[PDB]
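Here we start with a single chain on its own, the form deposited in one PDB entry, put down as structure tokens.
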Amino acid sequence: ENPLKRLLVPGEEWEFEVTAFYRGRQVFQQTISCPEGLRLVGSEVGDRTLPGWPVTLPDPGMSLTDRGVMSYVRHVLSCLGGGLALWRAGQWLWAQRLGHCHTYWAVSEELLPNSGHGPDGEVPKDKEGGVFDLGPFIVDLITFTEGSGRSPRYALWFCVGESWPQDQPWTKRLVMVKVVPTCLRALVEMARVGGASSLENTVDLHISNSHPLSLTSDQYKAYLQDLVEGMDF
């Protein structure tokens, strides 16, 4: 009855879009759906026994042009070990660092990882750490539909093997990974177009067992409010 509640139903799988950048250049993109989430890894062998879908970041390639720089990328990748794990449980996203690369994270904009205020945290190794709560996200999204606040951020950016580029151009970092749970992207775009009129617009939530929805803003905001009332704060 509330289509958005499909987001949190037992057995649900979200799609996550992984985009990797080596020194400010997009080198890889893959979309994952898996109940155990995903692991950002370096090689396609060595660890094949861990839960979570392996997302192998590509070898930097061997060119006469930038081999000094890419050599560093290659070493970083080779130290990923079990990887950087990311998964969902209920309304929360969790991450854990299973290899040797110290990894910092922040929730930020699609195009700019480091808006200046520094990392939200370092991904823990010996315990999982919460990196996202859909509860506050949806509160902020409703505020956005009411024009009382900016578009909520949903892009998880990870800096791998180096300190967070606080007050530094992010493109200088060897390995930067953006992870977007694409449902959140879709929810924001829906609010964005919904503010332009009261005509119906289509949303694909990009989650398991969910066909596209065609809602007016009034209906969407109604569903958002019903959703957030059943969420944990």
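Between two forms, the rigid core is defined as the largest C-alpha subset superposing within 1.5 Å. Sequential numbering from 1, following the sequence displayed.
Quick note: we don't show the form deposited in another entry, though the next part is all about it.
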{"item": "Per-residue C-alpha change between this form and the one not shown, residue 170, threshold 2 Å, rigid core fit", "value": "yes"}
{"item": "Threshold 2 Å Cα movement between this form and the one not shown for residue 29, core superposed", "value": "no"}
{"item": "Rigid core superposed: residue 46 CA moves 2 Å or more between this form and the one not shown", "value": "yes"}
{"item": "Distance direction in the other form for the C-alpha atoms of residue 62 and residue 19, relative to the displayed form (3 angstroms or more)", "value": "closer"}
{"item": "Residue 164 and residue 134, C-alpha gap in the other form relative to this structure (3 Å or more)", "value": "farther"}
